[PDB]
């Protein structure tokens, strides 16, 4: 009955910091004053974003940042702690723009973690920045260290953890200790970069916040839900890259863990984490998007789902055709491919030609514009009922979302998440989780409780026979077997004794 984490990003670009104002939404659309006391009480963490790693290989603000203005913005966030003694203002280092393989600062990430001396200088800079600006913990969003850089990343996280723990003691902060989190991959292709060492990555963290969204987008040929909870057999499937990770597992072990192809869903990412030994459910946080992804040039037949499309994938958006009818924020941001939940509500409400439809397998909503051939995948307070029930059922740590400025003006999405976890009068015991496709993989970290007859020496066991032995349930891979389970390759450990 530990409180579920509710971790919301506060993203503010450098130009908005430098021109910070709370009275002109054309300059700063989402100032700190829009985070009311009521919203502050519903959050456990705000991730202030983004800081970077500079060419000196230290955590640093964008050098174009006006420091006085930056401190003013952060001070406004930390003042919110007055409303909620559990609230932390984290800061996030990285993000896609800075840290992707082709990002402007990518080499600084690689180099900062490369050697013990670099790791010390980097780790010290993270805690120095945390203390100088008054933040409550460090969140690292490197998207993503490659398999070869992973050992350095692990050591960097370990070293930051030690320094944060020292700082908690120095400041008498045992009631609200300084924390360390990362934004983790929420799909198997990026996850495969560091998957084999997942337990080492998670060990120094309070949470790993899964980016379980952007699972569809203009870079894929076929439209799809970007954050389906469960799978739809009518939707696309994907190769399971995890089966090629350097795990040292056998064919049967790999096959049971990593069905391929599979449905790229939130459940898949969560289960992929739980399959690894040493990765506790309580540290896994489910990311949800407060925005939708829009596609144009879609066909009818299934409400724009699973259709080819003509949505540019380039950055920046390559022309001035802002084709997402009714999306005023898209004109402001010169990109019709992403729309906040705040804007999507208005688009539904106005005379713009959208239908709201629901996929009861994926448990997510979508908009379809039949006249122009548009499809929008997004999440809302209804999809969040299923995701919140899943968080509770699977004993996850909580929820994370990008970003606070995209909730509607009344903060309905954040209020819904808070309600589903904390409201005494909310009852989801009868909420039907549907017949969407579950990720069926089992690994060492999530063996089901089972029972079976005790193993008997001398007995000749056929293929598929189940026995209990030395604390586990085992299945023969072929027949006929007479060896003791665990003594050779013939037995698969399939379950654990209660």
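Numbering follows the first chain given and starts at 1.
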Problem - Residue stretch of maximal mean CA temperature factor, 105-113 vs 312-320 - result: 312-320
Problem - Higher-scoring stretch by recorded Cα B factor average, 380-388 or 299-307 - result: 299-307
Handout entry: Member of 367, 417, 233, 93 with the greatest C-alpha B factor (per the PDB record)
Key = 233
Handout entry: Deposited CA B-factor, highest of 193, 337, 221, 283
Key = 221
Exercise for the section: Quick one: classify residue 75 as lowest, middle or highest third of the chain based on its Cα B-factor. Expected result: highest
Practice task
Quick one: classify residue 469 as lowest, middle or highest third of the chain based on its Cα B-factor.
Solution key: highest
Completion exercise
For residue 56, the third of its chain by CA B-factor is the highest
Completion exercise
Entry-reported C-alpha B-factor of residue 46 relative to its chain, by third, is lowest
Practice task
Place residue 279 in the lowest, middle or highest third of its chain's C-alpha B-factors, as listed in the PDB entry.
Solution key: middle
